[PDB]
Amino acid sequence: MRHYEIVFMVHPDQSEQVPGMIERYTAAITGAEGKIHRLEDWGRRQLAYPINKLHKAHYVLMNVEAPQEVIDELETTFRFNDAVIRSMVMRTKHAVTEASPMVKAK
Amino acid sequence: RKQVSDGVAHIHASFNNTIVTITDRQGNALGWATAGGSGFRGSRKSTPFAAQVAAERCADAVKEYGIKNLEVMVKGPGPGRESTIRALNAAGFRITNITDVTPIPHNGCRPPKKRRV
Amino acid sequence: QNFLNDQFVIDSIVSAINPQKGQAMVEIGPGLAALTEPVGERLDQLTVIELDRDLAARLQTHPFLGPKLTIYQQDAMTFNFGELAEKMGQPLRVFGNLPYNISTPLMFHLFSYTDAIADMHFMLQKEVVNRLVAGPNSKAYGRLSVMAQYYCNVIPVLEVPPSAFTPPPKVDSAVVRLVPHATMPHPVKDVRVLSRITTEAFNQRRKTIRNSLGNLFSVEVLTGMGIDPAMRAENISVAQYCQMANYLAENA
Amino acid sequence: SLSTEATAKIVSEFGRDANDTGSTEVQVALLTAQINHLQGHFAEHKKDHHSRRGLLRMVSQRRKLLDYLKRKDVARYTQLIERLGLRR
Amino acid sequence: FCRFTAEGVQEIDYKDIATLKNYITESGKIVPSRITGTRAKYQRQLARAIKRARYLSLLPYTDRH
Amino acid sequence: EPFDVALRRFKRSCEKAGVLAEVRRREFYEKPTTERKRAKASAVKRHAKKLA
RNA sequence: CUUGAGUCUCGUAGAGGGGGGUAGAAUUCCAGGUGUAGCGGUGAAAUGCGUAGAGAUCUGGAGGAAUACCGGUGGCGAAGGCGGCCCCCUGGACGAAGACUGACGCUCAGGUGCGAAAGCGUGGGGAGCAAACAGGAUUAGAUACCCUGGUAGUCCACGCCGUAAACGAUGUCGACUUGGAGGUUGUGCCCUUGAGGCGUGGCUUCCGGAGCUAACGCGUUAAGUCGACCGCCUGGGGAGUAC
Ligand SMILES: [Mg+2]
Ligand SMILES: [Mg+2]
Ligand SMILES: [Mg+2]
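Residues numbered from 1 in each chain as written, not as in the entry; some residues may be left out. Chains lettered and ligands numbered in written order. Part of a larger assembly, values for the part shown. Heavy atoms only, no water.

**Let's talk about the overall build of chain C**
Next up, step 1: Looking only at helices and strands, one finds 10 helices and seven strands in chain C.
Next up, step 2: Projected onto its principal axes, the C-alpha positions of chain C cover 65 × 40 × 25 Å.
Next up, step 3: A fraction of 64% describes how many contacts in chain C between residues 6 or more apart in sequence connect residues 24 or more apart.
Next up, step 4: In the structure as shown, chain C presents an accessible area of about 12,100 Å², 53% of it carried by carbon and sulfur atoms. (Helix = DSSP H or I, 4+ residues; strand = E, 2+ residues; numbered from the N terminus. Contact = heavy atoms within 4.5 Å. Areas by Shrake-Rupley, 256 points an atom, 1.4 Å probe, with all protein chains shown as cover.)

What follows is the structure in structure tokens.
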């Protein structure tokens, strides 16, 4: 199926529920018989400009190969879940497993 | 009578006029001057000299309110930028941030038609 | 600016005017002596306005003319023709030639005096004259021709080639005469209602009148007047326009 | 514009073997399947004229192939249009 | 040219903010490809990447924001 | 930090930003045909120098 | 029969189209807040706006429109045209290496459909801009040129119109015929790697040989050399006008 990047950011003051979010979405992926090749967090990270008047929000990445359907589910779950302040989904060419440069800097 | 000192200075320069205003850190106006109120009209209203004089009039207004610190920002396309801010160097303040804050749109809405001249 | 040059058409215009006593005649824009002389000649005495005081001196000092006319030196759009109609004993014959930016104003000022004027006789540019007489269903028709045809009956007199003028323009032009109706064939409650109905309509002349006059009236009003709202503004005669004007005025 | 597997089903149906592609039967079949599928596209995407320019190319290409096969062999033509229900 | 061509030949990139910073003004505008020395193929990829990076506030749009 | 050296630094920054040239040219709308014509006119006005 | 035509497998580049989300600038507007005599506009004025607080500047909100920069002598598209970003649907193209069909082809009167800008139709929307209009100025006059306003329109869905210097002013398809400097996008081989260097398609720009051309110029992307079909012209006006 379509490979995807899913990349999103969470309110600094909801960053503690992020493990629960990884559960909810990873369960949607495996419950679609999709697979995952990266999961990452880059912590609270400062913003080049304010998002929703906030700063320092918490950044997350997934590399995924789920069927198209459930991507629209989790996508619309972002408009339902106000703890997610932004998301971007990308129909990337391949599954990719090598860590983000945001991790590899450590 | 109120004495405070933290100061933001806004220069609003155009080919007809230059307004200059002083505000607190909050952005709350302490006082202001223009060129047209400096008294110049028509052509003289938009001159580097009139923009200096406008700055002197603001410098007097802030002597009453606050004078130790200033952070000066500049806007509009008009002449006399250097002339008015060096006129803030008169009764000089300790300032370090300068850029314009001239509004540039990321391909915003239709400007007026060109003059048939 | 222009004034005529050739005796053939000068003589044609002044003769077609038929200027004689038993008429309350007044020139406006006497201009070059050549065309003001024959009318000041045939009328035993004649009134005139010139806008220019220097030309008014040139003609008032001319012994053919100064002794044979009474002469006024001002913008005619200030001028109290309703009192001049009293001083001339009967409503005026007003006539002549001008630089004619003022033309549009002339008509309105003349119409402010439809009682005080017996008739108007003037040269004008080809397109505005053909508009002024235009039949309702034509592109030449429109709001100013509507108001003109409302105030007066309008009649082309004769048409003149551009080489006929002293500075010859590129543009052919015609003398036209018009007649304030002795009783209005179209009685109207007010003319401002006509003026605004016509401007709204002609400001929107490409769309249906449902999308022009139906922006104010309903379709059921329009069809109630017997008017199809699916017409365009340039299908509509002055008759139903004054009917609309009366409807606006009386239902307001 | 078709999945390799729908293509495989079609060529394994209408084709001589797996070595055949582009026998007239293979062509008109996969072309037909594409045309059938695209009815769903245009039923939403009415204004997609630039896409439908390709559809017009495809239906006329189908017609040209059928008419060639019709003059080459009526039996192959009739059993093929029978199988696809063509001249519907 | 050929050294800048090697920068394209090696990699096609998004999320490498450290390399994106090689191709922006301090005011946040994209550098024109002739100044970068890079080939247009990679310029497009860089522009697409920068636009995404701005969307996620990894890079500013302007100097101020 | 001398005021007039910070002024020179500022002047270089606004020059590098081009903002006065942008707000100058942005003053009016244009029928896109004329900037098309002006663009290719400049392109040949340039290319004529390439020849020696 | 396989050389034309065309299918398949694998890649590639792209503002191609259709549909749906979404972002940062920006303007205007509203709501405060600080604040006060001006602002605004022009050549200068005036009309305009402000002591009911404008202008300015801070915050917060609204709404409609458009995508600064990349961006190019650059890509895609039949042409008209296509440019923030992501998704969803979807068209075409080019290269690779085979495999497959087996002349299935080209052109095309009528026909059918797509077709800028303006305008119309039906119902929304209306930020900014702006025919008409309105008012202030300018001018011998000024209808213009200037300014302050401003409706239609500009936007959207769904109909219509069917024209543009809709022009490469250059019909479509096929073959051939010196070179040269670029651009762009695949690809092969060599790479000592990484740069390189031999090739090799596609697209595209500018020079220019021969030849052609009234001349200007065109010139392997012909306006050269030619084959098939289509469209069109037959002095100037009257007139793309009448009927
Ligand atoms: Mg409409
Ligand atoms: Mg339109
Ligand atoms: Mg005709």
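**Brief notes about the arrangement of the chains**
Next up, step 1: In this assembly, four pairs of chains are in contact, and the pair with the greatest number of contacts comprises chains B and F.
Next up, step 2: The closest approach of any C-alpha atom in chain A to one in chain B is 16 Å; the two make no contact.
Next up, step 3: Across the gap from chain A to chain D, with no contact made, the nearest C-alpha atoms are 12 Å apart.

**A closer look at the sheet that holds strand 7 (residues 173-180) of chain C**
All names here are of chain C.
Next up, step 1: Ordered by their spatial adjacency, seven strands build an open sheet running 3-2-1-4-5-7-6, and the pairing between neighbours is mixed. Edge strands, defined here as strands with exactly one partner in the open sheet, are strand 3 (69-73) and strand 6 (152-160). In this sheet, neighbouring strand axes are inclined to one another by 20 degrees on average, regardless of whether the strands run parallel or antiparallel.
Next up, step 2: Taken together, the six bridges between strand 5 (residues 117-125) and strand 7 define a ladder with antiparallel strand orientation. When the bridges of strand 7 are listed, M120 appears paired with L178.
Next up, step 3: Packing of helix 5 (residues 103-111) onto the sheet brings it into contact with strand 4 (92-96), strand 5, strand 6 and strand 7, and relative to strand 5 it is tilted by some 170 degrees.
Next up, step 4: Along the sheet, helix 7 (residues 143-151) contacts strand 6 and strand 7; its crossing angle with strand 6, the most-contacted strand, is approximately 115 degrees. (Pairing = 2+ DSSP bridges. Axes fitted to C-alpha atoms, helices over the stretch in contact; angles between N-to-C directions.)

**What about the pattern of salt bridges?**
Opposite charge on two side chains makes pairing possible when the charged atoms of those side chains draw close.
Next up, step 1: Applying the stated rule across the entire model yields 20 salt bridges over all chains.
Next up, step 2: Across the salt bridge formed by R94(B) and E1(F), the nearest N and O atoms sit 2.8 Å from each other. With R94(B) in the segment after helix 2 (81-89) and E1(F) in the segment before helix 1 (3-17), the pair connects residues from two separate chains.
Next up, step 3: A relative accessible area of 46% means that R94(B) is categorised as partly exposed.
Next up, step 4: A relative accessible area of 48% means that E1(F) is categorised as partly exposed.
Next up, step 5: For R192(C), the salt bridge is made with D190(C), and the minimal N-O distance between the two is 2.8 Å.
Next up, step 6: Assessed through its relative accessible area of 15%, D190(C) is described here as buried. (Salt bridge = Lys/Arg side-chain N within 4 Å of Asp/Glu carboxyl O. Buried < 20%, exposed > 50% of the residue type's maximum accessible area, 1.4 Å probe, protein only.)

**Some remarks on the sheet that holds strand 2 (residues 36-44) of chain A**
Residues and elements named next belong to chain A.
Next up, step 1: Here four strands make up an open sheet; going across it, the order is 2-3-1-4 and the pairing antiparallel. With one partner strand each, in any of the chains shown, strand 2 and strand 4 (84-90) form the two edges of the open sheet. Sheet twist, expressed as the mean angle between neighbouring strand axes with direction ignored, is 10 degrees.
Next up, step 2: Bridging between strand 1 (residues 4-10) and strand 3 (residues 58-64) involves seven bridges; their strand directions are antiparallel.

**A word on the UniProt feature "binding site: S-adenosyl-L-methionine" in chain C**
Residues and elements named next belong to chain C.
Next up, step 1: When the UniProt feature table is mapped to this numbering, "binding site: S-adenosyl-L-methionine" covers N2, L4, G29, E50, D75 and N97.
Next up, step 2: Tracing the backbone shows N2 in the segment before helix 1 (7-17).
Next up, step 3: The exposure class of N2 is partly exposed, given its relative accessible area of 27%.
Next up, step 4: The residues touching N2, leaving out its near neighbours within four places in the chain, are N97, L98, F165, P167 and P169.
Next up, step 5: From its side chain, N2 meets the backbone oxygen of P167 in a polar contact 2.9 Å long.
Next up, step 6: Structurally, the position occupied by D75 is in the loop between strand 3 and helix 4 (81-87).
Next up, step 7: With relative accessibility at 35%, the residue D75 sits in the partly exposed group.
Next up, step 8: A polar side-chain atom of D75 sits 2.8 Å from the main-chain amide nitrogen of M77. (UniProt positions renumbered as here; feature names shortened; annotations may be inferred. Polar contact = N/O pair within 3.5 Å; in protein donor to acceptor, adjacent residues only side chain to side chain.)

**Here we look at the pairing of strand 1 (residues 8-13) of chain B**
Residues and elements named next belong to chain B.
Next up, step 1: Relative to strand 4 (residues 71-75), strand 1 is paired through five bridges, and the arrangement is parallel. Its bridge partner being in strand 4, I11 is matched across the sheet by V74.
Next up, step 2: Note that strand 1 and strand 2 (residues 18-23) share six bridges and pair antiparallel. Bridge pairing in strand 2 links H10 to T21.

**Some thoughts on helix 1 (residues 48-65) of chain B**
Next up, step 1: For helix 1 of chain B, built from 18 residues, the straight-helix expectation of 26 Å at 1.5 Å per residue is met to within 8% by its first-to-last C-alpha distance of 26 Å.
Next up, step 2: Buried-residue contacts for helix 1 of chain B involve strand 2, strand 3 (29-34) and helix 2 of chain B. (Expected span 1.5 Å × (residues − 1).)

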